[PDB]
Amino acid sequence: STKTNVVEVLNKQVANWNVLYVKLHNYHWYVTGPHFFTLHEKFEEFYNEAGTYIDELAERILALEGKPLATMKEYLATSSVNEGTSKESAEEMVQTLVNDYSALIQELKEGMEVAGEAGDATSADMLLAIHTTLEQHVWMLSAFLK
């Protein structure tokens, strides 16, 4: 792995978390049903984390002398996360998030491989920190769906 490989892995997540920031706002606004208050709030906490993550990842890429993706056009052309359709039920939103977080978990695992093979412990650790939280999110969200 090279520093450039790590910059690329970091940028994919910058893109993903920007798309997720918007998608979480989508679900935060469009949730309905007796579990409105729970999800509305939950999704807000999630988007808050998404925002901290975008700045963290981007600033680590600057730390390694890289260029963080910084346009919506680029996030859309780079992210692997589908945007909200704003039509799904509360159930669909939670299942979609389990799916999205799950996919991101898989991306983080590979991303940590790349950073490790490039001898980049800090970037690996940053990615790990998100991985740890997303895995917590998936359990709780899957539990919710019973």
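So that there is no doubt, residue numbering starts at 1 and follows the sequence shown.
**Request:** Check the entry's C-alpha temperature factors for 117-125 and 76-84, then say which stretch has the higher mean.
**Result:** Taking the mean C-alpha B-factor of 117-125 and of 76-84, the larger value falls to 76-84.
**Higher-B stretch (mean Cα B-factor, as the entry records it), 46-54 or 33-41** = Looking at the recorded C-alpha B-factors, 33-41 comes out higher on average.
**Message:** I'd like to know which of 100, 59, 107, 65 has the highest C-alpha temperature factor in the PDB entry.
**Reply:** Within the set 100, 59, 107, 65, 65 shows the top C-alpha B-factor.
**Item:** residue 143 CA temperature factor, ranked by third within the chain
**Value:** Ranked within chain, residue 143 CA B lands in the middle tercile.
**Request:** Would you mind checking where the Cα B-factor of residue 96 ranks among the modelled residues of its chain, as the lowest, middle or highest third?
**Result:** As the PDB entry reports it, the C-alpha B-factor of residue 96 lands in the middle third of its chain.
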